[PDB]
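Okay, input_33.cif now, which holds mmCIF, C-alpha atoms and all ligand atoms; chains and numbers go by the auth columns:
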data_model
#
loop_
_atom_site.group_PDB
_atom_site.id
_atom_site.type_symbol
_atom_site.label_atom_id
_atom_site.label_comp_id
_atom_site.label_asym_id
_atom_site.label_seq_id
_atom_site.Cartn_x
_atom_site.Cartn_y
_atom_site.Cartn_z
_atom_site.B_iso_or_equiv
_atom_site.auth_seq_id
_atom_site.auth_asym_id
ATOM 1 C CA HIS A 1 321.149 157.266 124.939 0.00 1 A
ATOM 2 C CA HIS A 2 320.371 153.997 123.101 0.00 2 A
ATOM 3 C CA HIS A 3 317.914 152.952 120.398 0.00 3 A
ATOM 4 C CA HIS A 4 316.659 149.342 120.540 0.00 4 A
ATOM 5 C CA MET A 5 316.331 148.440 116.809 0.00 5 A
ATOM 6 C CA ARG A 6 318.999 146.885 114.598 0.00 6 A
ATOM 7 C CA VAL A 7 320.282 149.463 112.115 0.00 7 A
ATOM 8 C CA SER A 8 321.138 147.607 108.872 0.00 8 A
ATOM 9 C CA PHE A 9 322.547 149.142 105.676 0.00 9 A
ATOM 10 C CA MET A 10 321.266 147.893 102.352 0.00 10 A
ATOM 11 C CA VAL A 11 323.479 148.871 99.420 0.00 11 A
ATOM 12 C CA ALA A 12 324.927 147.817 96.055 0.00 12 A
ATOM 13 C CA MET A 13 328.193 149.372 94.908 0.00 13 A
ATOM 14 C CA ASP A 14 330.849 148.945 92.268 0.00 14 A
ATOM 15 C CA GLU A 15 334.621 148.255 92.480 0.00 15 A
ATOM 16 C CA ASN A 16 335.212 151.959 93.310 0.00 16 A
ATOM 17 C CA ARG A 17 332.197 152.378 95.683 0.00 17 A
ATOM 18 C CA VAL A 18 329.972 154.038 93.008 0.00 18 A
ATOM 19 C CA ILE A 19 326.266 153.722 93.840 0.00 19 A
ATOM 20 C CA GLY A 20 324.788 156.354 91.524 0.00 20 A
ATOM 21 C CA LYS A 21 325.002 158.438 88.358 0.00 21 A
ATOM 22 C CA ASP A 22 322.831 161.404 87.310 0.00 22 A
ATOM 23 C CA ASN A 23 320.524 160.823 90.258 0.00 23 A
ATOM 24 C CA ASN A 24 319.857 157.189 89.182 0.00 24 A
ATOM 25 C CA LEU A 25 321.392 153.668 89.251 0.00 25 A
ATOM 26 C CA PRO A 26 324.352 153.045 86.888 0.00 26 A
ATOM 27 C CA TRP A 27 323.313 149.406 86.260 0.00 27 A
ATOM 28 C CA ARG A 28 320.181 147.277 85.851 0.00 28 A
ATOM 29 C CA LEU A 29 320.200 143.990 87.803 0.00 29 A
ATOM 30 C CA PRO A 30 316.660 142.547 88.218 0.00 30 A
ATOM 31 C CA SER A 31 318.000 139.531 90.153 0.00 31 A
ATOM 32 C CA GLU A 32 319.802 141.731 92.678 0.00 32 A
ATOM 33 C CA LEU A 33 316.614 143.785 93.181 0.00 33 A
ATOM 34 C CA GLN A 34 314.796 140.521 94.013 0.00 34 A
ATOM 35 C CA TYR A 35 317.361 139.801 96.705 0.00 35 A
ATOM 36 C CA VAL A 36 316.777 143.291 98.063 0.00 36 A
ATOM 37 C CA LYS A 37 312.978 142.786 98.143 0.00 37 A
ATOM 38 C CA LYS A 38 313.339 139.376 99.759 0.00 38 A
ATOM 39 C CA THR A 39 315.694 140.647 102.458 0.00 39 A
ATOM 40 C CA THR A 40 313.853 143.889 103.290 0.00 40 A
ATOM 41 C CA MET A 41 310.250 142.702 103.131 0.00 41 A
ATOM 42 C CA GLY A 42 308.218 143.632 106.210 0.00 42 A
ATOM 43 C CA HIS A 43 310.813 146.076 107.555 0.00 43 A
ATOM 44 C CA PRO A 44 311.086 149.859 107.511 0.00 44 A
ATOM 45 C CA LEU A 45 313.029 151.362 104.535 0.00 45 A
ATOM 46 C CA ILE A 46 314.814 154.622 105.396 0.00 46 A
ATOM 47 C CA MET A 47 315.680 156.724 102.386 0.00 47 A
ATOM 48 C CA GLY A 48 317.078 160.121 101.488 0.00 48 A
ATOM 49 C CA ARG A 49 314.637 162.472 99.768 0.00 49 A
ATOM 50 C CA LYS A 50 316.560 162.189 96.465 0.00 50 A
ATOM 51 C CA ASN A 51 316.690 158.408 96.596 0.00 51 A
ATOM 52 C CA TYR A 52 312.962 158.328 97.289 0.00 52 A
ATOM 53 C CA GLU A 53 312.050 160.552 94.353 0.00 53 A
ATOM 54 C CA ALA A 54 314.177 158.521 91.932 0.00 54 A
ATOM 55 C CA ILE A 55 312.220 155.396 93.023 0.00 55 A
ATOM 56 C CA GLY A 56 309.069 157.503 92.608 0.00 56 A
ATOM 57 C CA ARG A 57 306.570 155.493 94.621 0.00 57 A
ATOM 58 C CA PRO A 58 306.183 153.724 97.986 0.00 58 A
ATOM 59 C CA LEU A 59 307.614 150.194 98.077 0.00 59 A
ATOM 60 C CA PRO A 60 304.834 147.760 99.123 0.00 60 A
ATOM 61 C CA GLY A 61 304.860 145.718 102.357 0.00 61 A
ATOM 62 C CA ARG A 62 307.337 148.047 104.108 0.00 62 A
ATOM 63 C CA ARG A 63 307.120 151.327 106.089 0.00 63 A
ATOM 64 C CA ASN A 64 308.581 153.924 103.730 0.00 64 A
ATOM 65 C CA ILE A 65 310.400 156.557 105.714 0.00 65 A
ATOM 66 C CA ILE A 66 311.777 159.534 103.868 0.00 66 A
ATOM 67 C CA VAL A 67 314.489 161.795 105.288 0.00 67 A
ATOM 68 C CA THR A 68 314.342 165.490 104.399 0.00 68 A
ATOM 69 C CA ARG A 69 315.181 168.882 105.985 0.00 69 A
ATOM 70 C CA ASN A 70 311.936 170.193 104.386 0.00 70 A
ATOM 71 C CA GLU A 71 309.332 170.592 107.178 0.00 71 A
ATOM 72 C CA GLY A 72 306.421 170.844 104.701 0.00 72 A
ATOM 73 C CA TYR A 73 307.359 167.748 102.683 0.00 73 A
ATOM 74 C CA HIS A 74 304.585 165.074 102.502 0.00 74 A
ATOM 75 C CA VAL A 75 303.863 161.989 100.384 0.00 75 A
ATOM 76 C CA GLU A 76 300.892 159.624 100.664 0.00 76 A
ATOM 77 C CA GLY A 77 301.704 156.075 101.747 0.00 77 A
ATOM 78 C CA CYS A 78 304.974 157.324 103.241 0.00 78 A
ATOM 79 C CA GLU A 79 306.325 158.633 106.575 0.00 79 A
ATOM 80 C CA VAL A 80 308.569 161.718 106.790 0.00 80 A
ATOM 81 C CA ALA A 81 311.443 162.353 109.248 0.00 81 A
ATOM 82 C CA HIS A 82 313.846 165.249 109.478 0.00 82 A
ATOM 83 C CA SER A 83 316.662 163.741 111.567 0.00 83 A
ATOM 84 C CA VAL A 84 318.323 160.561 112.808 0.00 84 A
ATOM 85 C CA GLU A 85 316.505 160.997 116.164 0.00 85 A
ATOM 86 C CA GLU A 86 313.083 161.395 114.553 0.00 86 A
ATOM 87 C CA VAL A 87 313.684 158.112 112.686 0.00 87 A
ATOM 88 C CA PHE A 88 314.609 156.412 115.947 0.00 88 A
ATOM 89 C CA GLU A 89 311.409 157.737 117.508 0.00 89 A
ATOM 90 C CA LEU A 90 309.276 156.447 114.574 0.00 90 A
ATOM 91 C CA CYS A 91 311.038 153.086 114.629 0.00 91 A
ATOM 92 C CA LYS A 92 311.433 152.770 118.385 0.00 92 A
ATOM 93 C CA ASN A 93 309.551 149.407 118.482 0.00 93 A
ATOM 94 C CA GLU A 94 310.996 147.929 115.250 0.00 94 A
ATOM 95 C CA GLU A 95 313.239 144.857 115.295 0.00 95 A
ATOM 96 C CA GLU A 96 315.344 145.941 112.314 0.00 96 A
ATOM 97 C CA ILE A 97 315.350 148.957 110.011 0.00 97 A
ATOM 98 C CA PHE A 98 317.106 149.209 106.622 0.00 98 A
ATOM 99 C CA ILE A 99 319.034 152.290 105.612 0.00 99 A
ATOM 100 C CA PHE A 100 318.410 152.229 101.916 0.00 100 A
ATOM 101 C CA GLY A 101 320.461 155.250 100.701 0.00 101 A
ATOM 102 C CA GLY A 102 321.567 157.265 99.032 0.00 102 A
ATOM 103 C CA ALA A 103 324.966 158.610 99.996 0.00 103 A
ATOM 104 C CA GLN A 104 323.949 161.548 102.233 0.00 104 A
ATOM 105 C CA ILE A 105 321.613 159.213 104.125 0.00 105 A
ATOM 106 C CA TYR A 106 324.310 156.517 104.407 0.00 106 A
ATOM 107 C CA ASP A 107 326.653 159.162 105.841 0.00 107 A
ATOM 108 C CA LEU A 108 323.966 160.268 108.323 0.00 108 A
ATOM 109 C CA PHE A 109 323.454 156.821 109.792 0.00 109 A
ATOM 110 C CA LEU A 110 327.026 155.472 109.586 0.00 110 A
ATOM 111 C CA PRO A 111 327.820 155.985 113.297 0.00 111 A
ATOM 112 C CA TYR A 112 324.873 153.674 114.086 0.00 112 A
ATOM 113 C CA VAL A 113 325.148 150.812 111.569 0.00 113 A
ATOM 114 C CA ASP A 114 325.122 147.320 113.198 0.00 114 A
ATOM 115 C CA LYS A 115 324.793 145.147 110.099 0.00 115 A
ATOM 116 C CA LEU A 116 325.789 145.584 106.506 0.00 116 A
ATOM 117 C CA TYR A 117 324.118 143.991 103.455 0.00 117 A
ATOM 118 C CA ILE A 118 326.346 144.994 100.609 0.00 118 A
ATOM 119 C CA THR A 119 326.322 143.803 97.038 0.00 119 A
ATOM 120 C CA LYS A 120 329.672 144.226 95.305 0.00 120 A
ATOM 121 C CA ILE A 121 329.602 144.543 91.550 0.00 121 A
ATOM 122 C CA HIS A 122 332.791 143.619 89.767 0.00 122 A
ATOM 123 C CA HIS A 123 332.802 146.437 87.221 0.00 123 A
ATOM 124 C CA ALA A 124 333.945 150.043 87.250 0.00 124 A
ATOM 125 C CA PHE A 125 331.006 152.277 86.302 0.00 125 A
ATOM 126 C CA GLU A 126 331.083 155.977 85.624 0.00 126 A
ATOM 127 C CA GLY A 127 329.392 157.590 88.595 0.00 127 A
ATOM 128 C CA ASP A 128 329.003 160.634 90.789 0.00 128 A
ATOM 129 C CA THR A 129 327.615 159.194 94.066 0.00 129 A
ATOM 130 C CA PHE A 130 329.704 156.956 96.312 0.00 130 A
ATOM 131 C CA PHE A 131 329.144 154.683 99.295 0.00 131 A
ATOM 132 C CA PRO A 132 331.073 156.044 102.329 0.00 132 A
ATOM 133 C CA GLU A 133 334.371 154.419 103.392 0.00 133 A
ATOM 134 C CA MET A 134 334.038 152.077 106.392 0.00 134 A
ATOM 135 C CA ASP A 135 336.444 150.663 108.945 0.00 135 A
ATOM 136 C CA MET A 136 335.627 146.943 109.084 0.00 136 A
ATOM 137 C CA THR A 137 337.809 146.348 112.100 0.00 137 A
ATOM 138 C CA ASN A 138 335.551 144.513 114.521 0.00 138 A
ATOM 139 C CA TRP A 139 333.158 143.355 111.782 0.00 139 A
ATOM 140 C CA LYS A 140 332.784 139.840 110.408 0.00 140 A
ATOM 141 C CA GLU A 141 331.467 138.521 107.135 0.00 141 A
ATOM 142 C CA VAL A 142 328.566 136.187 107.974 0.00 142 A
ATOM 143 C CA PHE A 143 327.216 135.471 104.484 0.00 143 A
ATOM 144 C CA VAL A 144 328.638 135.644 100.957 0.00 144 A
ATOM 145 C CA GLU A 145 327.186 134.289 97.717 0.00 145 A
ATOM 146 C CA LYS A 146 327.787 134.917 94.032 0.00 146 A
ATOM 147 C CA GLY A 147 324.925 136.663 92.247 0.00 147 A
ATOM 148 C CA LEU A 148 323.183 135.234 89.176 0.00 148 A
ATOM 149 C CA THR A 149 324.879 136.394 85.959 0.00 149 A
ATOM 150 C CA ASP A 150 322.790 135.807 82.851 0.00 150 A
ATOM 151 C CA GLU A 151 321.304 137.767 79.933 0.00 151 A
ATOM 152 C CA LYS A 152 319.081 139.872 82.176 0.00 152 A
ATOM 153 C CA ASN A 153 321.933 140.429 84.696 0.00 153 A
ATOM 154 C CA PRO A 154 325.112 141.064 82.679 0.00 154 A
ATOM 155 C CA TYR A 155 327.702 141.638 85.435 0.00 155 A
ATOM 156 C CA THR A 156 329.573 139.617 88.022 0.00 156 A
ATOM 157 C CA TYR A 157 328.499 140.500 91.560 0.00 157 A
ATOM 158 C CA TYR A 158 328.436 139.053 95.080 0.00 158 A
ATOM 159 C CA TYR A 159 326.183 139.474 98.079 0.00 159 A
ATOM 160 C CA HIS A 160 327.955 140.065 101.349 0.00 160 A
ATOM 161 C CA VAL A 161 326.616 140.518 104.813 0.00 161 A
ATOM 162 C CA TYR A 162 328.818 141.810 107.626 0.00 162 A
ATOM 163 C CA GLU A 163 327.878 141.964 111.339 0.00 163 A
ATOM 164 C CA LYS A 164 329.514 144.360 113.813 0.00 164 A
ATOM 165 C CA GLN A 165 331.041 142.560 116.783 0.00 165 A
ATOM 166 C CA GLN A 166 329.754 145.333 119.110 0.00 166 A
HETATM 167 N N1 LIG B . 323.264 151.424 94.482 0.00 1 B
HETATM 168 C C1 LIG B . 322.539 151.621 95.587 0.00 1 B
HETATM 169 O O1 LIG B . 322.428 150.637 96.577 0.00 1 B
HETATM 170 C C2 LIG B . 321.840 152.923 95.811 0.00 1 B
HETATM 171 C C3 LIG B . 322.059 153.994 94.947 0.00 1 B
HETATM 172 N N2 LIG B . 321.391 155.179 95.151 0.00 1 B
HETATM 173 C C4 LIG B . 321.665 156.326 94.259 0.00 1 B
HETATM 174 O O2 LIG B . 322.211 157.377 95.063 0.00 1 B
HETATM 175 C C5 LIG B . 321.808 158.644 94.588 0.00 1 B
HETATM 176 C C6 LIG B . 321.125 159.471 95.670 0.00 1 B
HETATM 177 O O3 LIG B . 322.045 159.793 96.697 0.00 1 B
HETATM 178 P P1 LIG B . 322.222 161.332 97.228 0.00 1 B
HETATM 179 O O4 LIG B . 322.375 162.260 96.077 0.00 1 B
HETATM 180 O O5 LIG B . 323.262 161.368 98.265 0.00 1 B
HETATM 181 O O6 LIG B . 320.798 161.608 97.951 0.00 1 B
HETATM 182 P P2 LIG B . 320.041 161.002 99.259 0.00 1 B
HETATM 183 O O7 LIG B . 319.090 159.890 98.991 0.00 1 B
HETATM 184 O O8 LIG B . 321.011 160.719 100.340 0.00 1 B
HETATM 185 O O9 LIG B . 319.147 162.240 99.659 0.00 1 B
HETATM 186 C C7 LIG B . 319.741 163.451 100.012 0.00 1 B
HETATM 187 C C8 LIG B . 318.603 164.217 100.648 0.00 1 B
HETATM 188 O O10 LIG B . 318.397 163.696 101.949 0.00 1 B
HETATM 189 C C9 LIG B . 317.993 164.735 102.798 0.00 1 B
HETATM 190 N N3 LIG B . 319.003 164.886 103.832 0.00 1 B
HETATM 191 C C10 LIG B . 320.370 164.766 103.705 0.00 1 B
HETATM 192 N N4 LIG B . 320.929 164.973 104.925 0.00 1 B
HETATM 193 C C11 LIG B . 319.932 165.234 105.809 0.00 1 B
HETATM 194 C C12 LIG B . 319.921 165.553 107.159 0.00 1 B
HETATM 195 N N5 LIG B . 321.065 165.630 107.835 0.00 1 B
HETATM 196 N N6 LIG B . 318.714 165.773 107.796 0.00 1 B
HETATM 197 C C13 LIG B . 317.519 165.683 107.118 0.00 1 B
HETATM 198 N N7 LIG B . 317.536 165.381 105.775 0.00 1 B
HETATM 199 C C14 LIG B . 318.718 165.183 105.132 0.00 1 B
HETATM 200 C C15 LIG B . 317.966 166.027 101.979 0.00 1 B
HETATM 201 O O11 LIG B . 316.645 166.225 101.505 0.00 1 B
HETATM 202 P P3 LIG B . 316.022 167.659 101.176 0.00 1 B
HETATM 203 O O12 LIG B . 316.810 168.211 100.026 0.00 1 B
HETATM 204 O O13 LIG B . 314.597 167.484 100.744 0.00 1 B
HETATM 205 O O14 LIG B . 316.155 168.555 102.403 0.00 1 B
HETATM 206 C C16 LIG B . 318.886 165.693 100.827 0.00 1 B
HETATM 207 O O15 LIG B . 318.569 166.412 99.670 0.00 1 B
HETATM 208 C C17 LIG B . 320.904 158.357 93.397 0.00 1 B
HETATM 209 O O16 LIG B . 321.749 158.290 92.265 0.00 1 B
HETATM 210 C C18 LIG B . 320.408 156.957 93.656 0.00 1 B
HETATM 211 O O17 LIG B . 319.988 156.378 92.450 0.00 1 B
HETATM 212 C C19 LIG B . 320.518 155.314 96.212 0.00 1 B
HETATM 213 C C20 LIG B . 320.285 154.253 97.089 0.00 1 B
HETATM 214 C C21 LIG B . 320.953 153.058 96.892 0.00 1 B
HETATM 215 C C1 LIG B . 320.404 148.748 92.988 0.00 2 B
HETATM 216 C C2 LIG B . 319.299 148.239 93.869 0.00 2 B
HETATM 217 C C3 LIG B . 319.769 148.263 95.329 0.00 2 B
HETATM 218 N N1 LIG B . 320.459 147.210 95.779 0.00 2 B
HETATM 219 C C4 LIG B . 320.874 147.123 97.057 0.00 2 B
HETATM 220 N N2 LIG B . 321.565 146.030 97.442 0.00 2 B
HETATM 221 N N3 LIG B . 320.612 148.111 97.928 0.00 2 B
HETATM 222 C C5 LIG B . 319.937 149.209 97.541 0.00 2 B
HETATM 223 N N4 LIG B . 319.660 150.172 98.417 0.00 2 B
HETATM 224 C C6 LIG B . 319.478 149.300 96.218 0.00 2 B
HETATM 225 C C7 LIG B . 318.727 150.444 95.734 0.00 2 B
HETATM 226 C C8 LIG B . 318.054 151.388 95.230 0.00 2 B
HETATM 227 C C9 LIG B . 317.313 152.484 94.572 0.00 2 B
HETATM 228 C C10 LIG B . 316.085 151.989 93.781 0.00 2 B
HETATM 229 C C11 LIG B . 315.287 150.956 94.319 0.00 2 B
HETATM 230 C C12 LIG B . 314.143 150.494 93.642 0.00 2 B
HETATM 231 O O1 LIG B . 313.334 149.477 94.135 0.00 2 B
HETATM 232 C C13 LIG B . 313.760 148.964 95.396 0.00 2 B
HETATM 233 C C14 LIG B . 313.790 151.080 92.432 0.00 2 B
HETATM 234 C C15 LIG B . 314.564 152.114 91.902 0.00 2 B
HETATM 235 C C16 LIG B . 315.697 152.585 92.573 0.00 2 B
HETATM 236 O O2 LIG B . 316.459 153.626 92.065 0.00 2 B
HETATM 237 C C17 LIG B . 315.911 154.297 90.928 0.00 2 B
#
Using the file provided, produce a representation of the structure as structure tokens.
Ligand SMILES: NC(=O)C1=CN([C@@H]2O[C@H](COP(=O)(O)OP(=O)(O)OC[C@H]3O[C@@H](n4cnc5c(N)ncnc54)[C@H](OP(=O)(O)O)[C@@H]3O)[C@@H](O)[C@H]2O)C=CC1
Ligand SMILES: CCc1nc(N)nc(N)c1C#CCc1cc(OC)ccc1OC
Amino acid sequence: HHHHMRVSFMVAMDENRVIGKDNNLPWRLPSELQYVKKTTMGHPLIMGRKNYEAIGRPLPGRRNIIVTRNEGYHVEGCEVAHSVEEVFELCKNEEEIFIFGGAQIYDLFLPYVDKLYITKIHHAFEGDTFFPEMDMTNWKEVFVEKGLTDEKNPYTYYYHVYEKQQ
């Protein structure tokens, strides 16, 4: 029944798991976006249809895969899938794919996540979209580092990476 690729989550959330507000990001952290680009470069990005449209354009140097239940949905420079299994088919030969949100898409792929790249922002934003709860039993933190806080990046935040022990 198994897929061969590593399923990694890529997400940034606040102290209460908020990841979005009014179909956008509640914060603006250029430095954190650089870490995201650095980490995901050359790997497929899997994104919910809403997430993708908020971004608005294909992210260069990565396979953009959009998840939608719309069978007539198309976008140039991007791939479209309509299910977890169709993603696994498209990415069958990939080493590692990144589930890039948003919340519905995180929920979809949660039974399959092997590795978690999560930025935690030490602030409580007003929001309406939340990262799903996770049982970390049998996971281990393998990297942690404080983010750069300066004029362009006005919050305290940390990068964490957790690996499943399965
Ligand atoms: N801080 C962070 O790291 C991140 C924050 N965000 C934020 O999250 C928000 C977006 O999240 P959310 O509203 O949940 O939207 P999603 O990105 O999860 O997209 C939801 C869409 O995905 C498609 N979809 C959902 N379930 C399925 C399924 N089972 N099969 C096929 N397609 C499916 C549907 O598309 P369709 O309607 O076309 O059928 C649905 O409308 C935005 O605010 C964004 O800015 C997003 C990513 C990361
Ligand atoms: C907040 C940026 C971010 N960080 C982490 N660690 N994981 C994520 N999935 C995201 C995200 C996002 C959405 C987004 C991305 C983007 O360029 C990559 C541009 C705009 C975006 O939302 C409008």
- Message: Please find the residues contacting ligand LIG 2 (chain B) at a distance of at most 9 Å between atoms, with all atoms listed in the file counted, and report them as number ranges by chain.
- Response: A: 9-13, 19-20, 23-30, 32-37, 47, 51-57, 59, 98-102, 117-120, 159
- What gap, in Å, lies between CA of residue 81 in chain A and CA of residue 164 in chain A?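 Taking CA of residue 81 in chain A and CA of residue 164 in chain A, their separation equals 25.9 Å.
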- Message: On this structure, the PyMOL selection byres (((chain A and resi 86-96) around 9) and not hetatm) would catch which residues? List them as number ranges by chain, sorted by chain and number.
- Response: A: 3-8, 43-44, 46, 65, 67, 79-85, 97-98
- Task: One decimal, Å: what's the distance from CA of residue 134 in chain A over to CA of residue 50 in chain A, could you say?
- Result: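 Separating CA of residue 134 in chain A from CA of residue 50 in chain A is a distance of 22.5 Å.
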- Message: Applying the PyMOL selection byres (((chain A and resi 131) around 7) and not hetatm) to the file I just gave you, which residues come out? Please list them as a list in words.
- Response: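 Applied to this file, the PyMOL selection byres (((chain A and resi 131) around 7) and not hetatm) selects residues 13, 17, 18, 19, 103, 130, 132 and 133 of chain A.
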